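Listed next as structure tokens is one chain, alone, in the form deposited in one PDB entry.
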């Protein structure tokens, strides 16, 4: 078989479990054989619409069978898939389509308006039209080092992370090594497949294991609770906010959750209170740390250590290597702070048409996360902060997230930011929404003096749309 990439997956799965159900969405159920044939038809269709090896095909739409069909079809046509972030403005879609140089944009009816407003040598086709009339799979030569997809990463305009067929395959291998999945898996995907997390951590590994991927086009806590008991979901991925919204809904206590085997949380660390609430209900989080550039898995905190290592990001996935390094590039003394750097077959080729930006951050197979961390005696990592947020005050490092985290012990939302100073170069400045007074004096009971902000401004709201933004700087 000449196609070694994701394009071949539907065909390989169909030889193994043709009649097993692969995708559920509204009333739509696709078996593996139905997926293979629908993929082979869209591939031949992209060929006929003039798609050639290395060409980019964008998808603008929600979690939906068309997402996976476009993904596998691209692979089958030797093309590069581009899953757009469906929440972005026209200017931003335009930027993503210009940069990737997409030659075809496949979209769902609800985006038809927005698609018609996009900047003219792009073939914009509604999902289902482009599909052709052969349903025998193409077998084009695709190696694992060939780019499978461009995933745009939000300090500059967005950059396309080049994830190879190899990157996503080896990420799925990592998941199968560290988590226990089976043939009879029923995985609920209510996080977006346009993020590496839903796609890499749950969708692809469930399809590869011959289980069922249940897609929701939207996140609703209630639909997720109903889905869990009605569909007998074994496997869910979410970010803390999605598990917060689920636990907080009226039917949290009423819903039957005995079917859940594996609850994956990524994106950010699970707050202690949230982990405790799921634990109280018999549910333990597997916590993942990762990034787009690692396709995305890097560290796993297993359900056994979730309580024993509170707000650890965990240990390396099997085929990855992870270290904390200085600016010096060398490993730091254990317990000391440095930058998480990642290496392995899951790590990206680079940023699409940005080779210099790539070289700042990728070198000798090692990717710079932009995360400050410590490694404890047991090789468990502890994320401190974003290296970009770091304040330098009389040559001493201040991690806002440490100072912020103390401010939250005070009787809503806060940001600590760097501010020029005539003699220290930079000094802390707390921005707080509440009912006030100068209790920086409380912070002086809690922090190294030099870490305490020298000023505190009260406000009414902060740019907290992130679901906080360092545009707080702009309001110094």
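Rigid core: the largest C-alpha set superposing within 1.5 Å between the two forms. Positions refer to the first chain, counted from 1.
Quick note: we don't show the form deposited in another entry, though the next part is all about it.
In the overlay on the core between the shown form and the other one, a shift of 2 Å or more in CA position is seen for a single residue of 64, 37, 44, 429, which is 429. When two forms of a protein are overlaid on their rigid core, residues whose CA moves 2 Å or more are considered shifted, and residue 126 is not one of them between the shown form and the other one. After superposition on the rigid core, displacement of the C-alpha of residue 91 between the shown form and the other one stays below 2 Å. Residue displacement note: residue 179 has its CA displaced by under 2 Å between the shown form and the other one (rigid core superposed).
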